[PDB]
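Here's the letter readout for the chains.
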Amino acid sequence: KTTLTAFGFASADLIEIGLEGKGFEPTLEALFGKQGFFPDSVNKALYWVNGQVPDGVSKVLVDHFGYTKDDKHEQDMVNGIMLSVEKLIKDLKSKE
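Shown numbers run from 1 along every chain as its sequence is written, which may differ from how the entry numbers residues; residues without coordinates are omitted from display. What is displayed is a subset of a larger assembly, so the values quoted cover only the displayed chains. For the side-chain quantities, the full set of heavy atoms in the structure was used; hydrogens and water were omitted.

- Its PDB record attributes the structure to cryo-EM, giving the resolution as 9 Å.

1. With respect to the side chain of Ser41
- For helices the rule is a DSSP run of H or I covering at least 4 residues; for strands it is a run of E covering at least 2, with both sets numbered from the N terminus onward. Take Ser41: it is sitting in helix 2 (residues 37-48).
- Judged by relative accessible area, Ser41 falls into the buried class, the value being 17%.
- Contact criterion: two residues are considered in contact whenever any of their non-hydrogen atoms come within 4.5 Å of each other. Those residues in contact with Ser41, other than ones at most four positions away along the chain, are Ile81 and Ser84. The cut-offs for exposure are 20% and 50% of the maximum accessible area for each residue type, with area from a 1.4 Å probe on protein chains only; residues under the lower value are buried, those over the upper are exposed, and the others partly exposed.

2. Topic: the packing of aromatic side chains
- Pairing of aromatic side chains here covers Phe, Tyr and the six-membered ring of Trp, requires ring centres within 6.5 Å, and sorts the geometry by plane angle: under 30 degrees stacked, over 60 edge-to-face, intermediate tilted. Evaluated as defined, the whole model comprises four aromatic pairs.
- Measuring from centroid to centroid gives 5.6 Å for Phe37 and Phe38, while their planes differ by 75 degrees, and the two rings are edge-to-face.
- Where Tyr47 meets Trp48, the ring centres are 4.8 Å apart and the plane angle is 90 degrees; that geometry is what we call edge-to-face.
- A relative accessible area of 23% means that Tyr47 is categorised as partly exposed.
- Site record: aromatic cluster; members linked through ring pairs are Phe32, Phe37, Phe38 and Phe65.

Written out as structure tokens, the structure is:
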């Protein structure tokens, strides 16, 4: 909110923008977290698709989402993404 006082001793709010929300805590936990769609998708993209980001981006990606060097699953990019989509659908339609 923002208010002007220039007409003497009379107050007047310029504009108020009210963004209210509820239920975003479990959504954030399901999106970014241990079993999040984004971390698993980034891990699969970095493991299967060739092309390594520089260290300055690699460290940030490892810290936020997480990267796995060795994987004993031969599921390929398609299964890596469709499992992530499946788990995200469950994370979505399993809460408020």
